[PDB]
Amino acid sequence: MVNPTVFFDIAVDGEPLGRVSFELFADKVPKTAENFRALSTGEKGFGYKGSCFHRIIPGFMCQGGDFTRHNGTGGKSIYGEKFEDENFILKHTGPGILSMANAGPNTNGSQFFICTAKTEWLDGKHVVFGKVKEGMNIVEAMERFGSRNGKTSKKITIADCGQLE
């Protein structure tokens, strides 16, 4: 099998910034990887296209995936509103880790974050399911619009997304 590769084209107040592509570890977390892949192609009728990164904290991570409320309180999986913590085999070892945001054990929906640093304190609590394959420089450019409190100075959106491989 081959792990899926997904992309996001990021825009900053509608201006295109660039493409970030992600390898999803379907061989290790199939259900979590499948959820993010299907939400990136929009094939169930809902997904990430047009949604924003609502909380970016420089040196920590960029968070997005709330396509229903756009503020951290909504979004849902392709399995129903929430699904279980599949496993915690993988850790938040450094910049580029793609991991699920949540509100406690077994509350995975659509929200995710992209780590810009090693965040070992989230190991065992947030399921790591992918990594940035190309476009880490686009993630870095994105951090310049966040703040310590997480609010962005510009609206950072996923102008388009889908699967490459």
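A residue's number is simply how far along the shown sequence it sits, counting from 1.
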Assert higher mean C-alpha B factor (38-46 or 136-144, deposited values) equals 136-144
Per the PDB record, is the mean Cα temperature factor higher over 83-91 or over 68-76? 68-76
Between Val128, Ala26, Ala117, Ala103, where does the Cα B-factor run highest in the record? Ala26
On the chain's distribution of Cα B-factors, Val6 falls within the third called lowest
Against its chain's modelled residues, does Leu17's Cα B factor rank lowest, middle or highest third? highest
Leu164's Cα B-factor: lowest, middle or highest third of the chain? highest
